[PDB]
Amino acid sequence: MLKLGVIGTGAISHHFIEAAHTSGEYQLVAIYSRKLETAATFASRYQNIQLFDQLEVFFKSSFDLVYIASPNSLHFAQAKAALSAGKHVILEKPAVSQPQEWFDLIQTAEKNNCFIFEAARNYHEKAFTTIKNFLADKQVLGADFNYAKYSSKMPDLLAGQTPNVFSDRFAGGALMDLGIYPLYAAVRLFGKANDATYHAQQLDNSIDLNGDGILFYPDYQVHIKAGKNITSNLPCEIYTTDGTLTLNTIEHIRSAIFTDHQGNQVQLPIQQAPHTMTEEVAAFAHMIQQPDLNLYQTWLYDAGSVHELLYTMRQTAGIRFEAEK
């Protein structure tokens, strides 16, 4: 039974803990916050939880694993300290702001004999295994993936504030916050791309409100759309020589249907999970309990591929964070 520490008192932390408890494989025991009162307010719905407003003291406590859902810009430093203190780390997406940070995390992890995982919830969905198997004997000719929805932080932005998710100080933007999902889907299904491009509508601080990119593969390309000031409801498509696979989304996928060039249809057996994080939560605890180091190596590798793509795409669009300026 895994002892769970948590950083970040956002709603997402509640969602993770709720999935972790439900799996029957974790037990929350500790919470860190910048303020004790915020930790208390967060923890009040739970029972017997140690509270911390000092990261140093937090990491010296007895737990096995820490879920980190702080702002993007803080992920690296907090995760590195967690690993140095011999804790396993589940790190919310996007795990890092630069590919080198990911490689440094891995080294730090190996040194301290701990697992580091990016909480790429869509990547672990059983749907993707079903979809990849289906395409195994097919020849892919292209794809079109998106994730664009109108942020709850839009009113604050429009009123002249700069919410963390739209700030260059906190490594935000549509590509970082949402575009990472279709990138993870592409890597899951197609592996590492050859190259990538991205162009975005940007705020004055260079952060992207929305954008369009392409991932380049040997005999095809994948259009990527990300957006936070717009709502898209476009399905996601994968083209093959014999037809088109239509996925309703590339996250928390609920249907996958193949149509051939004569209009004959095949419904892939998709069984959406009750919650968005159910499958990653099971996968992570399964890995720590019964290590498949080969599977672990691919998770690390695919995360590396995603963050290389993100970084290339930010560079082409001119999306620059404060520490890069």
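So that there is no doubt, residue numbering starts at 1 and follows the sequence shown.
Given 54-62 and 263-271, the range whose Cα B-factors average higher in the PDB entry | Averaging CA B-factors over each stretch, the winner is 54-62.
Quick one: higher average CA temperature factor, 142-150 or 155-163?
-> Averaged over C-alpha atoms, the B-factors run higher in 155-163.
Please work out which residue in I238, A95, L183, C114 has the highest C-alpha B-factor recorded for this crystal structure.
-> Of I238, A95, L183, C114, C114 has the highest C-alpha B-factor.
Highest-ranked of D208, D168, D212, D137 once sorted by CA temperature factor in the record = Checking the PDB record, the top C-alpha B-factor among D208, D168, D212, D137 is at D137.
Lowest, middle or highest third: where is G86 by Cα B-factor in its chain?
-> Its C-alpha B-factor, which the entry lists for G86, ranks in the highest third among residues of this chain.
Third of the chain's Cα B-factor distribution that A79 belongs to, per the entry | Middle third of the chain for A79's C-alpha B-factor.
Can you work out whether the C-alpha temperature factor of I253 puts it in the lowest, middle or highest third of the chain?
-> Middle third, going by the recorded CA B-factors of the chain.
Based on the entry's values, in what third of the chain does the Cα temperature factor of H21 lie: lowest, middle or highest?
-> Tercile = highest for this residue's CA B-factor.
C-alpha B factor of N72, ranked within the chain: lowest, middle or highest third?
-> Answer is middle: the recorded C-alpha B-factor places it there.
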